[PDB]
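Contents: one structure, followed by commentary.
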Amino acid sequence: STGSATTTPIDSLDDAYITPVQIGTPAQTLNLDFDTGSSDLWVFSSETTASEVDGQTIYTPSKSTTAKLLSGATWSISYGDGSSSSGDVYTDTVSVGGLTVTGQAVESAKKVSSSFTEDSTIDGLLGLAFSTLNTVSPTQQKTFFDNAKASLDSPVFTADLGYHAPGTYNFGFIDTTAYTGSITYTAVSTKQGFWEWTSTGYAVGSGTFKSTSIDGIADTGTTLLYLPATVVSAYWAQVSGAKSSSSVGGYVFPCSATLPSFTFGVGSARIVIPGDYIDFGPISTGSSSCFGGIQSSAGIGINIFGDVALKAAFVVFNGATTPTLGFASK
Ligand SMILES: CC(C)C[C@H](NC(=O)C[C@H](O)[C@H](CC1CCCCC1)NC(=O)CC[C@H](O)[C@H](Cc1ccccc1)NC(=O)OC(C)(C)C)C(=O)O
């Protein structure tokens, strides 16, 4: 089997991308953020405390004939941005893009923190890192990818994220029309539970490529590209009005600049980020300062290839028993 689904940015800055998923029988359709940096499928539900629910769509397990309470199990997750949720667990049928798994754990939120209440576009998360990071206790639960691989025509999914535009998640096949040249695969370490890998170096604009190892994770669930302090200072030293601003938390630059490109290495291949991608947007509507898309990971402790970098490429998540990551230009 395969599945294919359109993914769309939640806003005009491509802050994050939602993809409809159908849970339950008959299907209730909720728009989830597919997050390669975490391993829980959780949703807003009829369980959720009501004054924490805003305009999201809720899962109502009492309405689905295939839902079953997983007795005893609870969950509690907090993410890199500070936000957090917890609750209890059902198993149900969940389909994405045509592809259906029965008995997927769907984690039902009792409580969500502020940032989730405040974002009306996102009805919960679907985690696609490795299932060792799943928060359900006492027995951790598989991600939708892990439950799907038995039936997939190949044990992969693709991410094809758009710049200010819709794109695609595919499961179980690689669409040869969606990229150009050939895919280069690199090894993944799953020792910390992420799709973690080491990039072979970087170039800024049209200067030299510097071979230096950057160990990072490919994370559809993080908006920006977070890289070590000195590589990030090397990029913005090429943008004449850029400075680091403690007030806004990052490098800003005049929205009128043309930014140089940024290249990252994958084995012997190179992925080029166009500079307009790194112009994240204006720090407020109307302002003449813009927010950069490459910022220092010193404060987070790990380098993150977020959607800035991933939407410049077609990305293969190869979930074979030794997993790899594939990059192609598109
Ligand atoms: C629990 C663990 C086992 C794994 C867990 N992993 C992570 O936290 C990384 C994971 O990818 C999480 C997953 C996201 C959590 C927040 C909701 C959206 C999903 N990423 C994150 O926690 C990273 C947060 C994102 O980078 C936000 C995304 C966003 C912004 C605005 C509006 C909507 C969405 N961007 C964002 O704040 O961009 C600005 C600052 C330029 C505005 C952890 O390490 O804590």
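Both ligands and their constituent atoms are indexed starting at 1 by order of listing. Position 1 is the first residue of the sequence, and the numbers go up from there.
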### Task
Establish, yes or no, whether a centroid distance under 6.0 Å links the rings of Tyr17 and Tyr169.
no
### Message
Show every disulfide bond (SG atoms under 2.5 Å apart) that has at least one partner inside residues 114-195, sequence neighbours left out.
### Response
none
### Task
Give every residue pair that meets the disulfide bond (SG atoms under 2.5 Å apart) criterion with at least one member in residues 170-260, sequence neighbours excluded.
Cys255-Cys290
Note down each nitrogen or oxygen pair, ligand 1 side and protein side, whose separation is under 3.5 Å; give only atom names and the distance to 0.1 Å.
residue, atom, partner, partner atom, Å
ligand 1, 6 (N), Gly37, O, 3.0
ligand 1, 8 (O), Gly80, N, 2.7
ligand 1, 11 (O), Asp35, OD1, 2.6
ligand 1, 11 (O), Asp35, OD2, 3.3
ligand 1, 11 (O), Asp219, OD1, 2.8
ligand 1, 11 (O), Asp219, OD2, 2.6
ligand 1, 20 (N), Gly221, O, 3.2
ligand 1, 22 (O), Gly80, N, 3.3
ligand 1, 22 (O), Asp81, N, 3.2
ligand 1, 26 (O), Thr223, N, 3.1
ligand 1, 35 (N), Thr223, OG1, 2.6
ligand 1, 45 (O), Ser78, O, 3.1

### Message
So, using salt bridge (charged side-chain N to carboxylate O under 4.0 Å, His left out) as the criterion, who are the partners of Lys149 when residues are at least two apart?
### Response
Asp146
### Query
Side chains of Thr135 and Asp40: do they bring a donor and an acceptor to under 3.5 Å?
yes
#### Entry: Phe171/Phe144 aromatic ring centres below 6.0 Å
yes
